[PDB]
Amino acid sequence: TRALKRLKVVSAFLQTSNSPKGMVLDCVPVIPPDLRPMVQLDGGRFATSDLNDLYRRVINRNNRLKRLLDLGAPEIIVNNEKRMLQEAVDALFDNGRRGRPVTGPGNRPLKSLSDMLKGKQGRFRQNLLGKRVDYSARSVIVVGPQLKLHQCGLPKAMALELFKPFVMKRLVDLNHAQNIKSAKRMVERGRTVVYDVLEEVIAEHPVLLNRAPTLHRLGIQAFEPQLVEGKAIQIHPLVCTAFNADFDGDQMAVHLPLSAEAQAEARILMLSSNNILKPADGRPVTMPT
Amino acid sequence: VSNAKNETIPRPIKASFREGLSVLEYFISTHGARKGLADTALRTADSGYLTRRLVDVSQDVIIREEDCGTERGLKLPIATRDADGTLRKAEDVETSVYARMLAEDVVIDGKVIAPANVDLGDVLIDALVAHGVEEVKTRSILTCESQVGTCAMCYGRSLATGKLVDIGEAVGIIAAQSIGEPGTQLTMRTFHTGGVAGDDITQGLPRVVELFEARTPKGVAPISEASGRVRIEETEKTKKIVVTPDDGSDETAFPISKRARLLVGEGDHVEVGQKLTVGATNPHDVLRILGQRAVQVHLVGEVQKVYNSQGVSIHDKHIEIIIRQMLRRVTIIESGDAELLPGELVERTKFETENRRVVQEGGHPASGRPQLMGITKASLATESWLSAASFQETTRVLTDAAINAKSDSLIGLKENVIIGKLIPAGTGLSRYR
Amino acid sequence: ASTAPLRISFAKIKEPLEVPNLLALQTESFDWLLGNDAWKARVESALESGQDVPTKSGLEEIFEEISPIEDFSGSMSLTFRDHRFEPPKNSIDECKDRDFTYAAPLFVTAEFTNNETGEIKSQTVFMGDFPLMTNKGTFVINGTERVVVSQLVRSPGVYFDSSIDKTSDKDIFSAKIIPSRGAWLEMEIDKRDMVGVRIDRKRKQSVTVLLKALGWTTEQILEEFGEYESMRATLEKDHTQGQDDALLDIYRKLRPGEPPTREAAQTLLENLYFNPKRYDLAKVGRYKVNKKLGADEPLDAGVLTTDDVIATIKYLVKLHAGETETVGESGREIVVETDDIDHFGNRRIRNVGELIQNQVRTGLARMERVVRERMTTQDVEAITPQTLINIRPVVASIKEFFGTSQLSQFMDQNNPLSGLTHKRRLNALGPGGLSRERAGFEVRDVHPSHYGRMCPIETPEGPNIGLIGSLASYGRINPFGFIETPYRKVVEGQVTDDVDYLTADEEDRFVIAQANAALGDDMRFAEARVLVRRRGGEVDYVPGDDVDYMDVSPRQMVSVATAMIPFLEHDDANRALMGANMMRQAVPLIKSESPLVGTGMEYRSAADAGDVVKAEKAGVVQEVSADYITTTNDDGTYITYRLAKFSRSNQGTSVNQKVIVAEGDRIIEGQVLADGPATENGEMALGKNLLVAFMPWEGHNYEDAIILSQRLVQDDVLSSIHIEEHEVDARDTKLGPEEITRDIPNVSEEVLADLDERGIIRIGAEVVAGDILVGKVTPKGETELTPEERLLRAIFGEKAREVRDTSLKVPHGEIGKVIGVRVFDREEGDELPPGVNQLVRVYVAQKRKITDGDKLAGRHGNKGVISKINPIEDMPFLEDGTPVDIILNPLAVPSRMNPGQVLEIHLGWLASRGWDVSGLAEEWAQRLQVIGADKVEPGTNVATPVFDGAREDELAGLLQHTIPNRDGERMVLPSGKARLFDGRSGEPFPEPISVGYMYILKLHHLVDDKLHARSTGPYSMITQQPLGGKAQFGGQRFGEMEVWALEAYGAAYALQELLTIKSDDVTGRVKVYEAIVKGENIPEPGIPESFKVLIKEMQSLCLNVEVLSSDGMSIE
Amino acid sequence: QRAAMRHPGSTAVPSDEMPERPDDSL
Amino acid sequence: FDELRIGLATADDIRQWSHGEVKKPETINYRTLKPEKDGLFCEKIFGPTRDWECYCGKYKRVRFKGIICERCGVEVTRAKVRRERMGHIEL
DNA sequence: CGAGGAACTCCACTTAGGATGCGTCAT
DNA sequence: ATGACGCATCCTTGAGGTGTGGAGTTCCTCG
Ligand SMILES: [Mg+2]
Ligand SMILES: [Zn+2]
Ligand SMILES: [Zn+2]
């Protein structure tokens, strides 16, 4: 067993064009500053990243040791400085792996290059799978039993600002706006024609309603928005078993697609007038209850 | 309602919430409410973690081929329980056989009853059970063979459509989510001791966690090795059961603690496959002795036990997707001839192909033995290090990939959502593109 | 002070002890700390009454501890002495409105002395500006209020645990000793019969090795403990002998690679374990240890002794042996048995004063260190106490605590009850306590030791269930830190009048009776079977003569912010919990009014709080004017009670006060001369009374929703007023000093028409989104002065304005009208850090009416959100024409398991149309008559105790015998229901309906603030993604589960569309918007930026990651 | 002491640097 | 963009990666709020924080695109180039 | 090489800033 | 005056904090 494991590492060193000469480091690179920058916080404060401090200290130790050995000091101090440089690089690459992790202002440990990647709050499971998006509103849900199964009610403010670009297209097309900045001005000021165009644009626009804990596939669906008054989003009363969206004051998120291809997919596969069937055991889900 | 520390109240609340309640009964009641609230709060994220594991495993199991053409298939009991000799339907046909299409042309009296390549609905089933059958053979994933993964007809029809599964359906995520969603709804714990402990296996979500991760059951019972004469050789320091399997087979002996609830008699006869004492049997052991079908049946039955005893109903296609993706690798013995190190837990495909190649060159092949691991181990045992890096163990898998100098092609949904390019599934398959 | 609005009482049982003070939990502790005259009066009262109080002030002990500091020789010495206080330089309102803090200087009479000189240089030096509290109980800091909560952390001492090892299948035991300041001790037994000791969290060591390190050796080990076999086996395991050898080996193992010497080991052990300067064993810790181990009366503030260690050894080895009772070391009969964790006999309550004391102690120790350094350095007989002492560490410690800690936290000023409960949280979180994840599920659960000291119902709804909470109504903090509980004593089968105070352990030593147990004419309990309580949640009855104690008040286990619910015995635990949590975020209302149905914890809970102004002087009022109520006392002095007229609270609500009396009235001490917000006549007023009809109605109330009537949009019955703030200020900068002026560069005259010459809008003019609050500008700027532009400007010959508008900006999405303005400058004595030139604080105040989507609720958690608003006639009407105000879905009442609102509705109707029971001769009539609440006029608010409220048959009979509208018009049928007509069509609904009156709150979960959407706004820097946050025009968290959903559905293009173009890049973000505004086909997706930073960070770790293609480098 | 306490604006705060820094690029 | 492969690296590989070095152990000036030479956040080694501009006085004009300053050793490049350039310490 | 068995490494993860050493080089 | 320089004051010492839980594994010290 001790033979084979060692022998697989040796096997990894057999064919690979690598060289373990680099397995012991004569240098250390540094990340660019914009990925670990400092900022001028109010009151003369400078909020700095911890990796900045770690690089600062290791550079300090490097300079001190190089200047000490520039003249040939006795070997005990030189060896102590060498081991301190080794320990500083060890803390840099992983502060918590070996020894007491190096702290900063408070007692909390700093963060190394092998902590900004791993873990839940690193990069993988925090920034690449799910990226917070534009054109993504949210508001409170209220039941309305005056809707077709493919319908939802949306307040006029979220509708004004979400569909603001399509609204602007139509005001410019209708020649109400002589220029685009005038279109901005009438969007901000608000007119009767603005709400008329908003009621016009909400038509033929599937809208992806969504809830937070998407436990199953039938948790995000499409609807057709109708410009209801008030300040709450309005929902059909037999899709509240798919979303599990009951009215204890809950809140619902709403998204919008941008590509017409996305619109076709959302009106074909997503639209809740076709997805009557649950995906688990076949039975219909959107039925009277 | 359960008393403090999951005990039993030695006095009930003798009234409802309308007649009238004093205060100490309200105090007693709020115990369980607080406990259940905490269970919901934590089980949200715990079930989230479990579905993360099952999504990592069951990704890239998307259908690509339309047909394979096999005649080999799963043998399913279609109508049991002939107590009065009457051939009548079975209770769990809807989740076991239904929507699993047919392969042959089953004949009972010289006439085809159920034609070939037709959906197995209900009218055909009533006709068959009236005819007198108690069995059927179906195309399935657990026996499908293909050069590009899985074909369509072996699966059946997508339950959410009723129409046949479109070629390219991302069945994997559907299976993962299907299994994960009712996890929040299980919440069935041992609220009362009842004077039993240890033997009571982990119940609910932990059981699925353990069985999909191939860990030994807590009260794992020993598994029979070979049939023959069994007896007791217990010692005061260690209880011990010894069986001499007949037909020139070596004795097998297993030590057990004092409390065992042994279901095997003294000087009795055991079968090659059967349990020995109370407790779930390790899937590895039933893989060792009873090939493949027994272990698939065991896994499916054990997961369906919890799911259909809680109250939620799920068709077993998803479970069988999970099991086919799990039972994948083969350990190698007598590996000198095939020019590879013994062990290493290699896959079935490359193992068979390379043994075939060596036999073509002349060298005799190296013996193999299948083995099943857990979902986590299989996921991190990937061939594309990026997915395993994203899943867990980032630094470790990173140094594995750094030493071994391996490379990953664009195979993989998760590898493709990380990079941000059209995933090949559902609609992004190049055939439609 | 019986000067409250009448609330006719439906109660049936009196109480011995009424509700004591509600905020003693802050004021008494701080009085102990600073030790003012109130402290001395309370101390004398406790002494003459023989109560448990801290005899000496916190600061006196803290200055005594660090007083006698000397050098290595004792030549020069410094010593502090008694304490004195000087009145503040400011007033509370002055501090609040001038950014100051409630500070008061502290004085000590320090002394310097030389032993050989014999001269004592007495002096007085100010000990910085200590902060004080208000009369309320809060702490004013840095222009805001704050509260220091009580804490709940495990007490110090010893803890015996009996755990199970799984692989060995064995019963291991562990004695963990948690001292106060020093290092912990671990002592493990029964792993292999080898008792061992772990110290500093390192590999465990055989006990006898350390037993030799102290004055014990093998000989007396044989002599004394030669009876328990495990210790003998450990002695067999022993290898070395001799105390010096023991010290050698321990210093070797704990400190490897260093010379092991007698001095080093002796110093280390004595400093870590036997030095009262690094190991200050707590007074509570010492007391608990003494009572636990029988160590009778050692030095109360000492350090551990070897006697203590051998006592722990005895306890552990007997626990292994299973011995029941033993003779305590220097003590008497004690028990041997392992201990639990979460029983309140093991958790201690750190009050406010102890917290401030701890931080001041750290500061004093630091100051001592600096002083010791300097005096060791300083020349002798040339130094004074005012010369070597720098108290900068102490001030730094004070500021650190009151600015940085996570126990000094904001007030909640939505209403009086929010604050009232906020000052009673027994927060077990914080530094040195527990944590969400590490702490398991035993802490997060209730305990039989919660029977009047921690509300089992009241708790946050989330991760923190069981970590935080609220003190019981009848609570009083122990000096050591605990919760006492009041009880009424039962003796020889009868009960005495006097009250007793009992804590968790002595509670466990008693048998506890029940509150609403019926009391007979003879004081002894009548029925032979009395339903009492026993230890550890053991429910059982007793014949009666053996009962020991009994419950003073049936609203005890419930806190003060949950005892107000009517009919709390007709719900489920979860719904009462939800009501308790969601009855404390109710906005105040303009025409605040007391409920028609409630309980007697509105008057007490509105008076014992702060916002209500009260007259502390018997006399006659002269004037009640707009603002200043001017009164003349019997003693003959003029007092000007100023009132908080439309002032702001923390979150941005309104604390508007109002008059209650006229200008010809007599007043006694402690009478409510006014009312605060959400209060009428000195009673808490959260919501309003509305008429309800229980029906499914067109589905507009499907699944627990609410539909309202436009009456409450005309009457303004349910409307509130908020007060936003803006605190802007100019800075000196480097490009000239920023001024606050009307002269904003190049703006129209209409936008600054409201603005003043100095640059603030008129005090009273309206403000809406898109306006300007304060005009600010930087005088100079290096905007564009490149040589090309410089030459262009020179050719033009006109000097452009380098100024830039740094003006304040009212947020987009708010309307309001100005309530007030305040201006400050460095010219005045105001306190401001550097650079800041001029400070402006403009408060804006808006009025909001109820609107669809605004969350509402009730007192039984019957939550819901407004669905639609309809005219007055659309909703039904009864037989005499009166419409119905609210309508609820009757499907939620059974399922949600709260049948405690129907009775509230019926009693509300009964009150709103007064009844008349003048001699019905029925049993219930006789009971309600001897109570005296029989005749009631139409409007007299009814009071129902939380656990002694209105019963059923009484309610039915009252509904049967209400006053007729006309000759014989008893309106609703005798069984609750009512022949409600149908406003829509006109025909009566097929069968009767149930209608009444219910009290509805207006929770702070507004609908305008919730509404939120984004098109293009601010991003993050390290990752080019849209901001994550509600208040900053953020996006949404399309996490991983939604990506799984879009994969399962097979929608590929949409998932890509909203995972690369919609965000996380630059080209896609700009191009989607651009192509939209110019109208072309949507462009192609791209590469995430998160991926780029990922590969860059991977590169920085030397992992040679690179992207290779079939040909090498392909298109990126 | 004179290297740090002189203009001691250098604060290594991670919890209030990534959310509190706006982006100039629109 | 077809395959992703990883391995290890040496000094030649890192100097291929990077542009310069760093020896001054501290951040930019706290007096004039300007960068320094051979330190962290140095415009010489990391990208210029101000776009179409350099450190001293000579290439602040817009018509300079990507060229190198003669004294402060800063290529007049993107602000986002401060996200891509890299450096190293040589122990 | 064959024992116990205890470390090591993964995974579940929610406000304002306690100075000097003193002297002085230089701006 | 700061943030730099150029040294360079005879009795000598930290500080607190560290309360899960899960199985993987691999070395490492003792049969
Ligand atoms: Mg809800
Ligand atoms: Zn097939
Ligand atoms: Zn330059």
# chains A, B, ... in the order shown; residues from 1 in each chain; ligands from 1

$ closest_atom_pairs --of "chain E" --to "chain G" --cutoff "12 Å" --atoms "only C-alpha atoms (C1' of nucleotides)" --output "CSV"
residue,atom,partner,partner_atom,distance
E:29,CA,G:3,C1',11.9
E:30,CA,G:3,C1',11.1
E:31,CA,G:2,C1',10.1

$ write_last_selection --atoms "N, CA and C atoms" --output "PDB file, in the first residue's frame"
ATOM      1  N   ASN E  29       0.534  56.928  -1.371  1.00  0.00           N
ATOM      2  CA  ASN E  29       0.777  58.063  -0.486  1.00  0.00           C
ATOM      3  C   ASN E  29      -0.496  58.489   0.233  1.00  0.00           C
ATOM      4  N   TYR E  30      -0.367  58.767   1.531  1.00  0.00           N
ATOM      5  CA  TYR E  30      -1.469  59.257   2.346  1.00  0.00           C
ATOM      6  C   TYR E  30      -1.464  60.776   2.486  1.00  0.00           C
ATOM      7  N   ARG E  31      -0.536  61.463   1.820  1.00  0.00           N
ATOM      8  CA  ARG E  31      -0.467  62.921   1.847  1.00  0.00           C
ATOM      9  C   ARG E  31      -1.122  63.494   0.594  1.00  0.00           C
TER      10      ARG E  31
END

$ residues_around --residues "stretch 238-244 of chain A" --least-positions-apart "5" --cutoff "6 Å" --atoms "only C-alpha atoms (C1' of nucleotides)" --output "ChimeraX atom specification"
/A:218-219,286

$ closest_atom_pairs --of "chain F" --to "stretch 9-28 of chain G" --cutoff "10 Å" --atoms "only C-alpha atoms (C1' of nucleotides)" --output "JSON lines"
{"residue": "F:5", "atom": "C1'", "partner": "G:28", "partner_atom": "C1'", "distance": 9.6}
{"residue": "F:6", "atom": "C1'", "partner": "G:28", "partner_atom": "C1'", "distance": 9.8}
{"residue": "F:7", "atom": "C1'", "partner": "G:27", "partner_atom": "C1'", "distance": 9.5}
{"residue": "F:8", "atom": "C1'", "partner": "G:25", "partner_atom": "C1'", "distance": 9.0}
{"residue": "F:9", "atom": "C1'", "partner": "G:24", "partner_atom": "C1'", "distance": 8.9}
{"residue": "F:10", "atom": "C1'", "partner": "G:24", "partner_atom": "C1'", "distance": 8.4}
{"residue": "F:11", "atom": "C1'", "partner": "G:22", "partner_atom": "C1'", "distance": 8.3}
{"residue": "F:12", "atom": "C1'", "partner": "G:22", "partner_atom": "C1'", "distance": 8.6}
{"residue": "F:21", "atom": "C1'", "partner": "G:9", "partner_atom": "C1'", "distance": 8.9}

$ residues_near_ligand --ligand "ligand 1" --cutoff "9 Å" --atoms "only C-alpha atoms (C1' of nucleotides) and all ligand atoms" --output "PyMOL selection string"
chain A and resi 244-251

$ residues_around --residues "stretch 3-13 of chain D" --least-positions-apart "5" --cutoff "10 Å" --atoms "only C-alpha atoms (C1' of nucleotides)" --output "VMD selection string"
(chain A and resid 38 to 53 104 to 106 110) or (chain D and resid 18) or (chain E and resid 27 30 to 31) or (chain F and resid 17 19 to 20) or (chain G and resid 2 to 4)

$ interface_residues --of "chain C" --to "chain E" --cutoff "10 Å" --atoms "only C-alpha atoms" --output "list in words"
residues 785, 786, 787, 788, 789, 1022, 1092, 1093, 1096, 1098, 1099, 1100, 1101, 1102, 1103, 1104, 1105, 1106, 1107, 1108, 1109, 1110, 1111, 1112, 1113, 1114, 1115 and 1116 of chain C

$ write_last_selection --atoms "C-alpha atoms" --output "PDB file, in the first residue's frame"
ATOM      1  CA  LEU C 785      -7.813  71.463 -17.607  1.00  0.00           C
ATOM      2  CA  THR C 786      -5.800  69.452 -20.120  1.00  0.00           C
ATOM      3  CA  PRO C 787      -3.609  71.584 -22.434  1.00  0.00           C
ATOM      4  CA  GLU C 788      -5.986  71.106 -25.380  1.00  0.00           C
ATOM      5  CA  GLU C 789      -9.009  72.170 -23.324  1.00  0.00           C
ATOM      6  CA  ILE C1022     -14.484  43.307  -7.487  1.00  0.00           C
ATOM      7  CA  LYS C1092     -12.165  35.900 -15.203  1.00  0.00           C
ATOM      8  CA  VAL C1093     -11.542  36.699 -11.542  1.00  0.00           C
ATOM      9  CA  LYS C1096      -6.866  35.136 -12.130  1.00  0.00           C
ATOM     10  CA  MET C1098      -6.185  30.487  -9.585  1.00  0.00           C
ATOM     11  CA  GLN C1099      -3.163  31.895 -11.429  1.00  0.00           C
ATOM     12  CA  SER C1100      -2.017  33.769  -8.320  1.00  0.00           C
ATOM     13  CA  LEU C1101      -1.764  30.491  -6.371  1.00  0.00           C
ATOM     14  CA  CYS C1102       0.798  29.186  -8.948  1.00  0.00           C
ATOM     15  CA  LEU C1103      -1.604  26.518 -10.254  1.00  0.00           C
ATOM     16  CA  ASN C1104      -0.730  26.691 -13.958  1.00  0.00           C
ATOM     17  CA  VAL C1105      -4.310  26.964 -15.193  1.00  0.00           C
ATOM     18  CA  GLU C1106      -4.808  27.874 -18.840  1.00  0.00           C
ATOM     19  CA  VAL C1107      -7.492  27.650 -21.511  1.00  0.00           C
ATOM     20  CA  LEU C1108      -6.564  25.318 -24.373  1.00  0.00           C
ATOM     21  CA  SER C1109      -8.561  24.487 -27.499  1.00  0.00           C
ATOM     22  CA  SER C1110      -8.382  21.816 -30.186  1.00  0.00           C
ATOM     23  CA  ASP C1111      -5.807  24.116 -31.832  1.00  0.00           C
ATOM     24  CA  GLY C1112      -4.564  25.902 -28.693  1.00  0.00           C
ATOM     25  CA  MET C1113      -5.899  29.435 -28.199  1.00  0.00           C
ATOM     26  CA  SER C1114      -9.356  29.810 -29.748  1.00  0.00           C
ATOM     27  CA  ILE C1115     -11.665  32.837 -29.810  1.00  0.00           C
ATOM     28  CA  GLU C1116     -12.297  34.138 -26.295  1.00  0.00           C
TER      29      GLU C1116
END

$ atom_distance --atom1 "atom CA of residue C:302" --atom2 "atom CA of residue C:480"
16.5 Å
